[PDB]
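Student: Structure: upload30.pdb, PDB, C-alpha atoms and all ligand atoms.
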ATOM      1  CA  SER A  18      13.823  -2.228   8.630
ATOM      2  CA  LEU A  19      14.309  -2.494   4.865
ATOM      3  CA  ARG A  20      13.158  -5.386   2.688
ATOM      4  CA  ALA A  21      14.241  -4.639  -0.852
ATOM      5  CA  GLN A  22      12.189  -5.646  -3.881
ATOM      6  CA  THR A  23      14.160  -8.309  -5.783
ATOM      7  CA  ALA A  24      11.818  -8.870  -8.732
ATOM      8  CA  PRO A  25       8.314  -7.708  -9.577
ATOM      9  CA  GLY A  26       6.138  -8.969  -6.680
ATOM     10  CA  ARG A  27       9.116 -10.404  -4.819
ATOM     11  CA  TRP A  28      10.957  -9.134  -1.802
ATOM     12  CA  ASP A  29      13.899 -10.049   0.432
ATOM     13  CA  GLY A  30      12.621 -11.720   3.621
ATOM     14  CA  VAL A  31       9.059 -12.173   2.333
ATOM     15  CA  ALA A  32       7.919 -15.692   1.586
ATOM     16  CA  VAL A  33       5.512 -16.557  -1.198
ATOM     17  CA  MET A  34       2.705 -18.833   0.087
ATOM     18  CA  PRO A  35       0.642 -20.450  -2.664
ATOM     19  CA  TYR A  36      -2.927 -21.310  -1.792
ATOM     20  CA  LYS A  37      -3.441 -25.054  -1.905
ATOM     21  CA  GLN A  38      -5.212 -25.876  -5.115
ATOM     22  CA  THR A  39      -7.959 -28.528  -4.619
ATOM     23  CA  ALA A  40     -10.313 -29.781  -7.368
ATOM     24  CA  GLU A  41     -13.243 -28.126  -5.483
ATOM     25  CA  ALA A  42     -11.356 -24.812  -4.923
ATOM     26  CA  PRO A  43     -13.280 -21.599  -5.563
ATOM     27  CA  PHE A  44     -10.028 -19.910  -6.690
ATOM     28  CA  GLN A  45      -7.306 -20.666  -9.203
ATOM     29  CA  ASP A  46      -3.551 -20.167  -8.988
ATOM     30  CA  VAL A  47      -3.291 -17.537  -6.203
ATOM     31  CA  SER A  48      -0.488 -16.846  -3.708
ATOM     32  CA  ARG A  49      -0.121 -14.583  -0.703
ATOM     33  CA  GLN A  50       2.687 -12.562   0.789
ATOM     34  CA  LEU A  51       2.584 -10.693   4.081
ATOM     35  CA  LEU A  52       4.224  -7.325   3.649
ATOM     36  CA  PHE A  53       3.348  -5.644   7.005
ATOM     37  CA  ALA A  54       1.694  -6.819  10.221
ATOM     38  CA  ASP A  55       2.613  -5.433  13.624
ATOM     39  CA  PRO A  56       0.966  -5.154  17.054
ATOM     40  CA  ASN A  57       0.974  -1.356  16.706
ATOM     41  CA  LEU A  58      -0.577  -1.332  13.204
ATOM     42  CA  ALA A  59      -4.300  -1.605  13.051
ATOM     43  CA  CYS A  60      -4.286  -3.068   9.518
ATOM     44  CA  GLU A  61      -2.377  -5.788   7.658
ATOM     45  CA  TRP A  62      -0.913  -5.193   4.230
ATOM     46  CA  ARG A  63      -0.644  -8.168   1.890
ATOM     47  CA  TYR A  64       0.249  -8.793  -1.741
ATOM     48  CA  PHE A  65      -1.780 -11.369  -3.671
ATOM     49  CA  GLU A  66      -0.650 -12.736  -7.002
ATOM     50  CA  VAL A  67      -3.051 -14.436  -9.440
ATOM     51  CA  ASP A  68      -1.205 -16.433 -12.122
ATOM     52  CA  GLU A  69      -2.213 -15.746 -15.756
ATOM     53  CA  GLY A  70      -5.594 -17.364 -16.296
ATOM     54  CA  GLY A  71      -6.379 -17.544 -12.606
ATOM     55  CA  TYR A  72      -8.872 -15.934 -10.275
ATOM     56  CA  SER A  73      -9.456 -15.057  -6.633
ATOM     57  CA  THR A  74     -12.464 -16.458  -4.824
ATOM     58  CA  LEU A  75     -15.816 -14.807  -5.417
ATOM     59  CA  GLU A  76     -16.874 -13.600  -2.005
ATOM     60  CA  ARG A  77     -18.252 -10.912   0.207
ATOM     61  CA  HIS A  78     -17.887  -9.791   3.847
ATOM     62  CA  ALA A  79     -18.507  -6.835   6.160
ATOM     63  CA  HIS A  80     -14.833  -5.750   6.272
ATOM     64  CA  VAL A  81     -13.657  -3.379   3.504
ATOM     65  CA  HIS A  82     -10.627  -3.883   1.234
ATOM     66  CA  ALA A  83      -8.275  -1.137   0.043
ATOM     67  CA  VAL A  84      -6.545  -2.558  -3.054
ATOM     68  CA  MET A  85      -3.872  -1.209  -5.364
ATOM     69  CA  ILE A  86      -2.790  -3.149  -8.410
ATOM     70  CA  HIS A  87       0.917  -3.836  -8.265
ATOM     71  CA  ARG A  88       1.849  -6.095 -11.183
ATOM     72  CA  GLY A  89       0.324  -6.956 -14.550
ATOM     73  CA  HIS A  90      -3.290  -6.420 -15.439
ATOM     74  CA  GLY A  91      -6.658  -7.985 -15.456
ATOM     75  CA  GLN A  92     -10.241  -7.382 -14.470
ATOM     76  CA  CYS A  93     -12.326  -7.267 -11.357
ATOM     77  CA  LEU A  94     -15.931  -7.567 -10.334
ATOM     78  CA  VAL A  95     -16.961  -5.279  -7.527
ATOM     79  CA  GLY A  96     -20.680  -5.282  -6.766
ATOM     80  CA  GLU A  97     -22.372  -4.824 -10.116
ATOM     81  CA  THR A  98     -19.347  -3.412 -11.952
ATOM     82  CA  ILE A  99     -16.687  -5.174 -13.993
ATOM     83  CA  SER A 100     -13.569  -3.030 -14.462
ATOM     84  CA  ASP A 101     -10.316  -3.357 -16.294
ATOM     85  CA  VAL A 102      -7.467  -2.975 -13.815
ATOM     86  CA  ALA A 103      -3.782  -2.189 -14.438
ATOM     87  CA  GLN A 104      -0.658  -1.294 -12.492
ATOM     88  CA  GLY A 105      -1.324   1.362  -9.887
ATOM     89  CA  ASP A 106      -5.137   1.353 -10.035
ATOM     90  CA  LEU A 107      -6.958   1.948  -6.707
ATOM     91  CA  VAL A 108      -9.961  -0.249  -5.934
ATOM     92  CA  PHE A 109     -12.033   0.220  -2.808
ATOM     93  CA  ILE A 110     -14.365  -2.672  -1.927
ATOM     94  CA  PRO A 111     -17.104  -1.491   0.449
ATOM     95  CA  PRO A 112     -18.939  -3.698   2.943
ATOM     96  CA  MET A 113     -20.895  -6.806   1.837
ATOM     97  CA  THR A 114     -20.105  -6.301  -1.829
ATOM     98  CA  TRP A 115     -19.376  -9.342  -4.018
ATOM     99  CA  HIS A 116     -15.907  -9.220  -5.576
ATOM    100  CA  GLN A 117     -13.533 -11.250  -7.633
ATOM    101  CA  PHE A 118     -10.263 -10.603  -9.468
ATOM    102  CA  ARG A 119      -9.304 -12.377 -12.713
ATOM    103  CA  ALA A 120      -5.979 -12.559 -14.534
ATOM    104  CA  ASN A 121      -7.987 -12.665 -17.817
ATOM    105  CA  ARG A 122      -5.995 -10.246 -19.974
ATOM    106  CA  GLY A 123      -2.908 -12.235 -20.961
ATOM    107  CA  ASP A 124      -0.791 -11.474 -17.947
ATOM    108  CA  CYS A 125      -0.549 -12.336 -14.264
ATOM    109  CA  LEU A 126      -2.324  -9.935 -11.868
ATOM    110  CA  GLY A 127      -0.793  -8.944  -8.476
ATOM    111  CA  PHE A 128      -2.304  -6.522  -6.036
ATOM    112  CA  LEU A 129      -1.692  -4.943  -2.635
ATOM    113  CA  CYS A 130      -4.493  -5.414  -0.176
ATOM    114  CA  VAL A 131      -4.926  -3.537   3.132
ATOM    115  CA  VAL A 132      -7.570  -4.781   5.590
ATOM    116  CA  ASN A 133      -8.270  -4.259   9.317
ATOM    117  CA  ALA A 134      -6.437  -6.789  11.511
ATOM    118  CA  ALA A 135      -9.780  -7.559  13.233
ATOM    119  CA  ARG A 136     -12.282  -8.663  10.657
ATOM    120  CA  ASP A 137     -14.981 -11.129   9.729
ATOM    121  CA  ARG A 138     -14.447 -14.207   7.557
ATOM    122  CA  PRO A 139     -15.338 -14.309   3.878
ATOM    123  CA  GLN A 140     -18.837 -15.485   2.856
ATOM    124  CA  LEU A 141     -19.139 -17.640  -0.253
ATOM    125  CA  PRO A 142     -22.201 -17.396  -2.530
ATOM    126  CA  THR A 143     -25.110 -19.803  -1.978
ATOM    127  CA  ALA A 144     -27.077 -21.380  -4.815
ATOM    128  CA  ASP A 145     -29.474 -18.416  -4.481
ATOM    129  CA  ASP A 146     -26.750 -15.796  -4.581
ATOM    130  CA  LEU A 147     -25.404 -17.215  -7.878
ATOM    131  CA  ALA A 148     -28.869 -17.189  -9.499
ATOM    132  CA  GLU A 149     -29.276 -13.533  -8.342
ATOM    133  CA  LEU A 150     -25.936 -12.531  -9.855
ATOM    134  CA  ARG A 151     -26.503 -14.444 -13.108
ATOM    135  CA  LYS A 152     -29.563 -12.229 -13.853
ATOM    136  CA  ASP A 153     -26.883  -9.920 -15.323
ATOM    137  CA  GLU A 154     -25.439 -11.567 -18.467
ATOM    138  CA  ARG A 155     -22.118  -9.661 -18.157
ATOM    139  CA  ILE A 156     -21.636 -10.923 -14.600
ATOM    140  CA  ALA A 157     -22.690 -14.488 -15.504
ATOM    141  CA  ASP A 158     -20.008 -14.613 -18.213
ATOM    142  CA  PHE A 159     -17.361 -13.091 -15.931
ATOM    143  CA  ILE A 160     -17.621 -14.918 -12.613
ATOM    144  CA  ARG A 161     -15.704 -18.061 -11.801
ATOM    145  CA  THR A 162     -16.582 -20.597  -9.116
TER     146      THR A 162
ATOM    147  CA  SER B  18     -14.852   2.223  -6.699
ATOM    148  CA  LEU B  19     -11.992   2.522  -9.209
ATOM    149  CA  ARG B  20      -9.503   5.340  -9.487
ATOM    150  CA  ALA B  21      -7.099   4.421 -12.261
ATOM    151  CA  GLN B  22      -3.404   5.342 -12.278
ATOM    152  CA  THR B  23      -2.905   8.013 -14.964
ATOM    153  CA  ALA B  24       0.890   8.504 -14.651
ATOM    154  CA  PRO B  25       3.525   7.548 -12.057
ATOM    155  CA  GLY B  26       2.277   8.925  -8.749
ATOM    156  CA  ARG B  27      -0.988  10.202 -10.274
ATOM    157  CA  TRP B  28      -4.554   8.921 -10.214
ATOM    158  CA  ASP B  29      -7.905   9.882 -11.741
ATOM    159  CA  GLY B  30      -9.974  11.516  -9.048
ATOM    160  CA  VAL B  31      -7.068  12.036  -6.657
ATOM    161  CA  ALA B  32      -5.759  15.553  -5.960
ATOM    162  CA  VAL B  33      -2.138  16.347  -5.476
ATOM    163  CA  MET B  34      -1.786  18.439  -2.244
ATOM    164  CA  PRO B  35       1.600  20.166  -1.933
ATOM    165  CA  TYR B  36       2.778  20.973   1.588
ATOM    166  CA  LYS B  37       3.033  24.797   1.552
ATOM    167  CA  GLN B  38       6.676  25.727   1.778
ATOM    168  CA  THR B  39       7.552  28.297   4.512
ATOM    169  CA  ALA B  40      11.026  29.780   5.092
ATOM    170  CA  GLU B  41      11.161  27.880   8.363
ATOM    171  CA  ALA B  42       9.533  24.672   7.018
ATOM    172  CA  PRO B  43      11.398  21.501   8.187
ATOM    173  CA  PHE B  44      10.594  19.834   4.826
ATOM    174  CA  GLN B  45      11.282  20.671   1.205
ATOM    175  CA  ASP B  46       9.249  20.128  -2.000
ATOM    176  CA  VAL B  47       6.864  17.425  -0.718
ATOM    177  CA  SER B  48       3.267  16.589  -1.644
ATOM    178  CA  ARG B  49       0.761  14.087  -0.328
ATOM    179  CA  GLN B  50      -2.196  12.409  -1.857
ATOM    180  CA  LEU B  51      -4.881  10.606   0.069
ATOM    181  CA  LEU B  52      -5.430   7.192  -1.469
ATOM    182  CA  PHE B  53      -7.682   5.570   1.103
ATOM    183  CA  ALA B  54      -9.459   6.777   4.259
ATOM    184  CA  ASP B  55     -12.824   5.451   5.339
ATOM    185  CA  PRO B  56     -14.789   5.160   8.588
ATOM    186  CA  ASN B  57     -14.523   1.385   8.285
ATOM    187  CA  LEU B  58     -10.738   1.248   7.617
ATOM    188  CA  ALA B  59      -8.550   1.440  10.729
ATOM    189  CA  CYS B  60      -5.604   2.985   8.781
ATOM    190  CA  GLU B  61      -5.006   5.833   6.272
ATOM    191  CA  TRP B  62      -3.043   5.125   3.075
ATOM    192  CA  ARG B  63      -1.280   8.062   1.453
ATOM    193  CA  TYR B  64       1.258   8.667  -1.278
ATOM    194  CA  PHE B  65       4.009  11.139  -0.532
ATOM    195  CA  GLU B  66       6.099  12.585  -3.325
ATOM    196  CA  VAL B  67       9.401  14.363  -2.632
ATOM    197  CA  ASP B  68      10.643  16.318  -5.664
ATOM    198  CA  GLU B  69      14.276  15.821  -6.631
ATOM    199  CA  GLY B  70      16.526  17.347  -3.913
ATOM    200  CA  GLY B  71      13.705  17.602  -1.337
ATOM    201  CA  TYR B  72      13.137  15.858   1.956
ATOM    202  CA  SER B  73      10.374  14.932   4.397
ATOM    203  CA  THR B  74      10.513  16.304   7.926
ATOM    204  CA  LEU B  75      12.872  14.754  10.452
ATOM    205  CA  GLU B  76      10.542  13.558  13.216
ATOM    206  CA  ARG B  77       9.407  10.756  15.516
ATOM    207  CA  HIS B  78       6.220   9.603  17.145
ATOM    208  CA  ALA B  79       4.883   6.524  18.901
ATOM    209  CA  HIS B  80       2.860   5.524  15.847
ATOM    210  CA  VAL B  81       4.554   3.222  13.287
ATOM    211  CA  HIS B  82       4.914   3.652   9.503
ATOM    212  CA  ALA B  83       4.547   0.988   6.830
ATOM    213  CA  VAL B  84       6.211   2.373   3.686
ATOM    214  CA  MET B  85       6.524   1.008   0.148
ATOM    215  CA  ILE B  86       8.558   2.920  -2.387
ATOM    216  CA  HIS B  87       6.376   3.705  -5.417
ATOM    217  CA  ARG B  88       8.390   6.022  -7.693
ATOM    218  CA  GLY B  89      12.037   6.958  -8.208
ATOM    219  CA  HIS B  90      14.746   6.418  -5.617
ATOM    220  CA  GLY B  91      16.499   8.105  -2.705
ATOM    221  CA  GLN B  92      17.597   7.481   0.860
ATOM    222  CA  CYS B  93      16.088   7.218   4.248
ATOM    223  CA  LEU B  94      17.213   7.549   7.798
ATOM    224  CA  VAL B  95      15.486   5.156  10.177
ATOM    225  CA  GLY B  96      16.926   5.368  13.695
ATOM    226  CA  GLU B  97      20.708   5.118  13.128
ATOM    227  CA  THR B  98      20.557   3.419   9.713
ATOM    228  CA  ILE B  99      20.808   5.243   6.381
ATOM    229  CA  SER B 100      19.560   3.094   3.481
ATOM    230  CA  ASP B 101      19.247   3.325  -0.234
ATOM    231  CA  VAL B 102      15.592   2.907  -1.338
ATOM    232  CA  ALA B 103      14.124   2.165  -4.752
ATOM    233  CA  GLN B 104      10.805   1.186  -6.375
ATOM    234  CA  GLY B 105       9.004  -1.498  -4.410
ATOM    235  CA  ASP B 106      11.239  -1.531  -1.318
ATOM    236  CA  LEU B 107       9.460  -2.037   2.018
ATOM    237  CA  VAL B 108      10.438   0.147   4.953
ATOM    238  CA  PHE B 109       9.057  -0.281   8.471
ATOM    239  CA  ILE B 110       9.516   2.497  10.999
ATOM    240  CA  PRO B 111       9.100   1.399  14.601
ATOM    241  CA  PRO B 112       7.829   3.536  17.540
ATOM    242  CA  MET B 113       9.641   6.723  18.646
ATOM    243  CA  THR B 114      12.338   6.315  16.061
ATOM    244  CA  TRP B 115      13.828   9.323  14.251
ATOM    245  CA  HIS B 116      13.246   9.266  10.474
ATOM    246  CA  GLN B 117      13.582  11.279   7.312
ATOM    247  CA  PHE B 118      13.424  10.540   3.547
ATOM    248  CA  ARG B 119      15.555  12.383   1.025
ATOM    249  CA  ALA B 120      15.296  12.554  -2.723
ATOM    250  CA  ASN B 121      19.082  12.959  -2.780
ATOM    251  CA  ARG B 122      19.897  10.585  -5.659
ATOM    252  CA  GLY B 123      19.020  12.432  -8.853
ATOM    253  CA  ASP B 124      15.325  11.639  -9.050
ATOM    254  CA  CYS B 125      12.048  12.321  -7.304
ATOM    255  CA  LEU B 126      11.110   9.860  -4.615
ATOM    256  CA  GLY B 127       7.504   8.770  -4.155
ATOM    257  CA  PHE B 128       6.275   6.380  -1.475
ATOM    258  CA  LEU B 129       3.117   4.788  -0.148
ATOM    259  CA  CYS B 130       2.635   5.289   3.562
ATOM    260  CA  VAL B 131       0.134   3.397   5.742
ATOM    261  CA  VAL B 132      -0.498   4.627   9.347
ATOM    262  CA  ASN B 133      -3.235   4.195  11.957
ATOM    263  CA  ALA B 134      -6.226   6.499  11.575
ATOM    264  CA  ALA B 135      -5.996   7.329  15.295
ATOM    265  CA  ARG B 136      -2.391   8.165  16.008
ATOM    266  CA  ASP B 137      -0.185  10.527  17.949
ATOM    267  CA  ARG B 138       1.205  13.758  16.536
ATOM    268  CA  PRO B 139       4.712  13.970  15.111
ATOM    269  CA  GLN B 140       7.456  15.264  17.383
ATOM    270  CA  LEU B 141      10.051  17.581  15.863
ATOM    271  CA  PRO B 142      13.637  17.640  17.131
ATOM    272  CA  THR B 143      14.715  20.058  19.914
ATOM    273  CA  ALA B 144      18.217  21.576  19.953
ATOM    274  CA  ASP B 145      19.208  18.816  22.413
ATOM    275  CA  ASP B 146      17.693  16.132  20.111
ATOM    276  CA  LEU B 147      19.666  17.610  17.195
ATOM    277  CA  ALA B 148      22.817  17.830  19.319
ATOM    278  CA  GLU B 149      22.335  14.227  20.339
ATOM    279  CA  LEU B 150      21.726  13.060  16.713
ATOM    280  CA  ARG B 151      24.705  14.976  15.336
ATOM    281  CA  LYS B 152      27.129  13.046  17.614
ATOM    282  CA  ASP B 153      27.088  10.403  14.849
ATOM    283  CA  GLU B 154      29.001  11.978  11.907
ATOM    284  CA  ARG B 155      27.060  10.035   9.208
ATOM    285  CA  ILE B 156      23.652  11.115  10.613
ATOM    286  CA  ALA B 157      24.914  14.752  11.051
ATOM    287  CA  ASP B 158      25.798  14.842   7.342
ATOM    288  CA  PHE B 159      22.492  13.261   6.242
ATOM    289  CA  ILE B 160      19.770  15.037   8.189
ATOM    290  CA  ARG B 161      18.040  18.178   6.964
ATOM    291  CA  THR B 162      16.344  20.628   9.340
TER     292      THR B 162
HETATM  293 MN    MN C 201     -12.356 -10.344   0.183
HETATM  294 MN    MN C 202       6.466  10.097  10.473
END
Reformat the file's structure so that it appears as structure tokens.
Ligand SMILES: [Mn+2]
Ligand SMILES: [Mn+2]
Tutor:
Amino acid sequence: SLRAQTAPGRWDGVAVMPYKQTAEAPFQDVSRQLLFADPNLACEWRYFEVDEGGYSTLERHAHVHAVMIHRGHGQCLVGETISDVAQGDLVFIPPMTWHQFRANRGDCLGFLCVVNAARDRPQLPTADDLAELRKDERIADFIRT
Amino acid sequence: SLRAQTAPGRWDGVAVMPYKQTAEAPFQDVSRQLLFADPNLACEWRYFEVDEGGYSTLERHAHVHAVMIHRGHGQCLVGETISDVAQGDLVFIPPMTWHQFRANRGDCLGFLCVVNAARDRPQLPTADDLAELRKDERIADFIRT
């Protein structure tokens, strides 16, 4: 099968699903698209798009993420490290490592994400976790809840 | 971890690995790069680059392919269908289905390829396979052995 790209981050036969934005939401202006999932494929391949100014939810989990930036640019926190990310960049997120993506560089930020089909659910930071992370000033300034 | 894109189809800390070209090789002018492989990731994510005029090997196997075009443009054979492919296009190759990619449109063709870490080996065509494929005139003209 062929599903042609029709615009940056858009494809024929792939539906854009925005995440429902509630006042309490730990994320801002994010959508998801399912590019590949099949009973014979052990992983699922998605594309997430963070509107300009937005961010993905700060979280951690046992399952790893293989990410490639697909559209725009921005920044990410992985563990202790805040990186600039641009089109094509490869980010590996190892187990139980805090992470968050921000479209904080004047553009939207879209990335491919490959994860195992069988995986644990995300864990959000407790009050304690946030105090731990805010011991680093750079991280305190960067993170969004 | 971050490995930044440095040019189209190139990344900091990723080695380009050309397939060594024999006289009898069933491919032409192809390289592969390993983007992601990890004990905790059920799939392997590679980038394959076919120089202008080259092709990947005509083959089939039970294991499926999830492909996203990354660079340039070209054509692929999937089963009985020959398609034009360009940057961003999604191709899915189902089980035991003959396939080949050709950089036969004036440019190199680079693509991301996700497959299971544990998978079966590729099967190359026998004379009878080739005979059987070449019954269709359009496939006979397209394939490269
Ligand atoms: Mn996550
Ligand atoms: Mn194959």
Student: Could you fit chain A onto chain B with a least-squares superposition over all C-alpha atoms, matched one to one in order, and give me the transformed chain as a short mmCIF file (atom, residue, chain, number, x, y, z; two decimals) with C-alpha atoms, in the frame of the given file?
Tutor:
data_model
loop_
_atom_site.label_atom_id
_atom_site.label_comp_id
_atom_site.auth_asym_id
_atom_site.auth_seq_id
_atom_site.Cartn_x
_atom_site.Cartn_y
_atom_site.Cartn_z
CA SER A 18 -14.70 1.79 -7.05
CA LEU A 19 -11.79 2.11 -9.48
CA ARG A 20 -9.38 5.05 -9.68
CA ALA A 21 -6.97 4.35 -12.49
CA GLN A 22 -3.33 5.42 -12.39
CA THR A 23 -2.83 8.10 -15.07
CA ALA A 24 0.90 8.72 -14.68
CA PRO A 25 3.52 7.61 -12.18
CA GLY A 26 2.22 8.84 -8.78
CA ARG A 27 -0.97 10.22 -10.29
CA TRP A 28 -4.48 8.89 -10.23
CA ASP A 29 -7.96 9.74 -11.51
CA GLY A 30 -10.00 11.37 -8.72
CA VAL A 31 -7.01 11.88 -6.40
CA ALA A 32 -5.83 15.42 -5.84
CA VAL A 33 -2.20 16.35 -5.30
CA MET A 34 -1.82 18.63 -2.24
CA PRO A 35 1.58 20.30 -1.98
CA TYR A 36 2.75 21.18 1.50
CA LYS A 37 3.05 24.93 1.88
CA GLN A 38 6.69 25.82 1.65
CA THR A 39 7.70 28.49 4.24
CA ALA A 40 11.26 29.80 4.75
CA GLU A 41 11.28 28.14 8.23
CA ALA A 42 9.85 24.80 6.93
CA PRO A 43 11.48 21.62 8.21
CA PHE A 44 10.72 19.92 4.86
CA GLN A 45 11.36 20.69 1.21
CA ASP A 46 9.17 20.16 -1.84
CA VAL A 47 6.73 17.48 -0.57
CA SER A 48 3.13 16.73 -1.59
CA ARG A 49 0.44 14.41 -0.29
CA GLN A 50 -2.29 12.34 -1.86
CA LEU A 51 -4.98 10.42 0.00
CA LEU A 52 -5.43 7.05 -1.62
CA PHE A 53 -7.76 5.32 0.92
CA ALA A 54 -9.61 6.46 4.04
CA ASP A 55 -12.94 5.01 5.09
CA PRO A 56 -14.95 4.70 8.32
CA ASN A 57 -14.59 0.90 8.13
CA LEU A 58 -10.80 0.95 7.55
CA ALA A 59 -8.68 1.26 10.61
CA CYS A 60 -5.73 2.77 8.70
CA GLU A 61 -5.24 5.51 6.10
CA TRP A 62 -3.12 4.95 3.02
CA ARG A 63 -1.35 7.96 1.54
CA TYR A 64 1.22 8.64 -1.16
CA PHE A 65 3.89 11.26 -0.49
CA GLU A 66 6.07 12.67 -3.23
CA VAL A 67 9.39 14.43 -2.51
CA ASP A 68 10.62 16.45 -5.51
CA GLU A 69 14.24 15.83 -6.61
CA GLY A 70 16.48 17.49 -4.05
CA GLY A 71 13.79 17.62 -1.40
CA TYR A 72 13.19 15.99 1.95
CA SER A 73 10.45 15.06 4.40
CA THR A 74 10.51 16.46 7.91
CA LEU A 75 12.84 14.85 10.42
CA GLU A 76 10.56 13.60 13.14
CA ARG A 77 9.48 10.88 15.49
CA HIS A 78 6.23 9.70 17.14
CA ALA A 79 4.67 6.72 18.90
CA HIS A 80 2.62 5.60 15.86
CA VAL A 81 4.37 3.26 13.38
CA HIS A 82 4.64 3.77 9.60
CA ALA A 83 4.43 1.03 6.97
CA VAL A 84 6.09 2.48 3.85
CA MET A 85 6.63 1.15 0.36
CA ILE A 86 8.58 3.13 -2.19
CA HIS A 87 6.45 3.78 -5.24
CA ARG A 88 8.37 6.07 -7.59
CA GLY A 89 12.02 7.00 -8.11
CA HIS A 90 14.72 6.51 -5.54
CA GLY A 91 16.51 8.11 -2.71
CA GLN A 92 17.62 7.52 0.84
CA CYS A 93 16.11 7.37 4.27
CA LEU A 94 17.18 7.69 7.86
CA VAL A 95 15.41 5.36 10.24
CA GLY A 96 16.77 5.39 13.78
CA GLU A 97 20.51 5.00 13.41
CA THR A 98 20.46 3.59 9.87
CA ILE A 99 20.72 5.36 6.53
CA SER A 100 19.48 3.20 3.65
CA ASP A 101 19.27 3.52 -0.08
CA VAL A 102 15.65 3.08 -1.15
CA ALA A 103 14.21 2.27 -4.59
CA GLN A 104 10.91 1.32 -6.18
CA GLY A 105 9.12 -1.37 -4.23
CA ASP A 106 11.29 -1.33 -1.09
CA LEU A 107 9.47 -1.96 2.23
CA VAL A 108 10.40 0.25 5.18
CA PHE A 109 8.88 -0.25 8.61
CA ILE A 110 9.34 2.65 11.05
CA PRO A 111 8.83 1.45 14.64
CA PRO A 112 7.67 3.63 17.53
CA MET A 113 9.60 6.78 18.59
CA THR A 114 12.28 6.32 15.95
CA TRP A 115 13.67 9.39 14.17
CA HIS A 116 13.13 9.26 10.40
CA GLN A 117 13.55 11.31 7.30
CA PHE A 118 13.35 10.66 3.55
CA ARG A 119 15.54 12.48 1.00
CA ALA A 120 15.29 12.66 -2.78
CA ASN A 121 19.13 12.83 -2.85
CA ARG A 122 19.93 10.43 -5.69
CA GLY A 123 19.06 12.41 -8.82
CA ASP A 124 15.40 11.58 -8.99
CA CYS A 125 12.15 12.38 -7.21
CA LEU A 126 11.12 9.96 -4.43
CA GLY A 127 7.46 8.90 -3.90
CA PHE A 128 6.26 6.46 -1.32
CA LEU A 129 3.09 4.82 -0.01
CA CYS A 130 2.51 5.27 3.67
CA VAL A 131 -0.01 3.35 5.81
CA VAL A 132 -0.69 4.58 9.36
CA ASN A 133 -3.44 4.00 11.96
CA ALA A 134 -6.33 6.48 11.59
CA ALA A 135 -6.00 7.25 15.34
CA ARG A 136 -2.50 8.42 16.07
CA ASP A 137 -0.31 10.92 17.85
CA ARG A 138 1.18 14.03 16.23
CA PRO A 139 4.76 14.20 15.01
CA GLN A 140 7.48 15.42 17.41
CA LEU A 141 10.22 17.63 16.00
CA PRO A 142 13.79 17.45 17.36
CA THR A 143 14.85 19.87 20.11
CA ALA A 144 18.27 21.51 20.25
CA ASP A 145 19.33 18.56 22.44
CA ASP A 146 17.99 15.92 20.09
CA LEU A 147 20.03 17.38 17.19
CA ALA A 148 23.26 17.41 19.24
CA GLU A 149 22.56 13.74 20.20
CA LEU A 150 22.06 12.73 16.57
CA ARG A 151 25.08 14.70 15.30
CA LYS A 152 27.39 12.52 17.48
CA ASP A 153 27.23 10.21 14.42
CA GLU A 154 29.08 11.90 11.52
CA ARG A 155 27.07 9.96 8.88
CA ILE A 156 23.78 11.16 10.39
CA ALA A 157 25.05 14.75 10.80
CA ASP A 158 25.89 14.89 7.08
CA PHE A 159 22.57 13.31 6.07
CA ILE A 160 19.88 15.09 8.07
CA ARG A 161 18.11 18.20 6.90
CA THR A 162 16.27 20.70 9.08
#
Student: Using only C-alpha atoms and a distance of at most 7 Å, pull out the residues of chain B that contact chain A, as a PyMOL selection string.
Tutor: chain B and resi 18-22+53+57-60+81+83+105-110+133
Student: Please expand the PyMOL selection byres (((not hetatm)) within 9 of (chain C and resi 202)) into the concrete residues it hits in this file, giving the result as a ChimeraX atom specification.
Tutor: /B:73-78,80-82,110,114-117,132,138-140
Student: Please provide as a PyMOL selection string all residues within 12 Å of residue 36 of chain B, with the sequence filter that same-chain residues fewer than 3 positions apart are discarded (counting only C-alpha atoms).
Tutor: chain B and resi 33+39+42-50+65-68+71-74
Student: Please expand the PyMOL selection byres (((chain A and resi 126) around 6) and not hetatm) into the concrete residues it hits in this file, giving the result as a list in words.
Tutor: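 This file, filtered by the PyMOL selection byres (((chain A and resi 126) around 6) and not hetatm), leaves residues 66, 67, 88, 89, 90, 91, 120, 125 and 127 of chain A.
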Student: Hey, can you check how far atom CA of residue 142 of chain B sits from atom CA of residue 118 of chain B?
Tutor: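 Here the two named atoms are 15.3 Å from each other.
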Student: Do you have the atom CA of residue 93 of chain B-atom CA of residue 119 of chain B distance handy?
Tutor: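 Those two atoms sit 6.1 Å apart.
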Student: Do you have the atom CA of residue 40 of chain B-atom CA of residue 160 of chain B distance handy?
Tutor: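 The value is 17.4 Å.
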Student: Could you model N, CA and C atoms for segment 63-67 of chain B and present them as a JSON list (two decimals), keeping the file's coordinate frame?
Tutor:
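The resulting file, rebuild34.json, is shown below:
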[["chain", "number", "residue", "atom", "x", "y", "z"],
["B", 63, "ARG", "N", -1.64, 6.89, 2.20],
["B", 63, "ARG", "CA", -1.28, 8.06, 1.45],
["B", 63, "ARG", "C", -0.12, 7.75, 0.53],
["B", 64, "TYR", "N", 0.07, 8.65, -0.42],
["B", 64, "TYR", "CA", 1.26, 8.67, -1.28],
["B", 64, "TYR", "C", 1.94, 10.00, -1.13],
["B", 65, "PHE", "N", 3.22, 9.95, -0.79],
["B", 65, "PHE", "CA", 4.01, 11.14, -0.53],
["B", 65, "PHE", "C", 4.98, 11.21, -1.67],
["B", 66, "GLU", "N", 5.13, 12.39, -2.24],
["B", 66, "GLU", "CA", 6.10, 12.58, -3.32],
["B", 66, "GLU", "C", 7.06, 13.74, -2.96],
["B", 67, "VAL", "N", 8.35, 13.44, -2.99],
["B", 67, "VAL", "CA", 9.40, 14.36, -2.63],
["B", 67, "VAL", "C", 10.06, 14.70, -3.97]]
